[PDB]
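A single chain, nothing else alongside it, follows as structure tokens in the form deposited in one PDB entry.
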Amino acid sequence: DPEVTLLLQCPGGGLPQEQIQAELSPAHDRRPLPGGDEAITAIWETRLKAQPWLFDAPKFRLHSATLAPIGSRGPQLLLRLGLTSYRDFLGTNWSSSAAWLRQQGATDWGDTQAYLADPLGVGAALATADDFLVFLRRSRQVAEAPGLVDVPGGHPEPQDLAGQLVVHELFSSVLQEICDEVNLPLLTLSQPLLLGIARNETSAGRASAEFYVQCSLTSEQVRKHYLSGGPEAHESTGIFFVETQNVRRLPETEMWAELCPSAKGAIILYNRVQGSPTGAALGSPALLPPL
């Protein structure tokens, strides 16, 4: 899977909100482009003159994420964040010249991402009460990953003393994205656990935070909620479920070639952090079959 790289694997089966610090600083922003940000403005003008209903939105930028020494007391993760936008993303990560920007960032700053917007995404491994994970089918008509399989997710929106409010928005946003797209009541969802961070090398290294969320509804009940919205209540064109038993070998299935990179990141981290038991009971051969 060259199109996904793990930046962070969380310890302890995943981190709760109270164990994470954020540092939001203009030091963590994208660097101005070599020949100026006029190149971003030109791409945006061309786009608006074709699709004048499009508009810009602020986003969090991922600079880096440092884990504490394992087994320590106190905060376990520091997220270094800056600010970016949908406009800056279209002019950098989704530019035809994105690989040239990565090479120039290595040369100029010793940082392949220095000239990239790198907006932070969120996604969820969402488990049902009857032990399935939730998958969504993408429209064949959209620009990104058309017709591919995804997991629920979206965007934390900017709109430890500003730090704790930013961590709150990250955790809140993955629940809101589940409620908006799957049409589930908020009170059927657990507080999220952060599993890790994955990068999409097909989008020039754009990173997503991947979370575990448990729902108190069965797969049949989740399906009913999703469908009862009607086609206008969701961006996806379908919902489906895979037993958690079978997610263990998903990379060996024909489904793996249909998964978009950020969804592959969610499933790899689910397998490593929530699966992959370490104890004698769950590690015994009848509960963890060899191969």
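In case it trips you up, residue 1 is the first one in the sequence shown, and so on.
Beyond the structure shown, there is the form deposited with a small molecule bound, which is absent from this document and is the topic of what follows.
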item	value
Segment assignment from 217 to 225, 173 to 181, 105 to 113, 187 to 195: heavy atom within 4.5 Å of the small molecule in the deposited bound form	173 to 181
Check all three, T41, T92 and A98, heavy atom within 4.5 Å of the small molecule in the deposited bound form	no
The small molecule contact at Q164 in the deposited bound form, heavy atom, 4.5 Å	no
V151 within 4.5 Å of the small molecule in the deposited bound form, heavy atoms	yes
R199, heavy atom within 4.5 angstroms of the small molecule in the deposited bound form	no
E235 within 4.5 Å of the small molecule in the deposited bound form, heavy atoms	yes
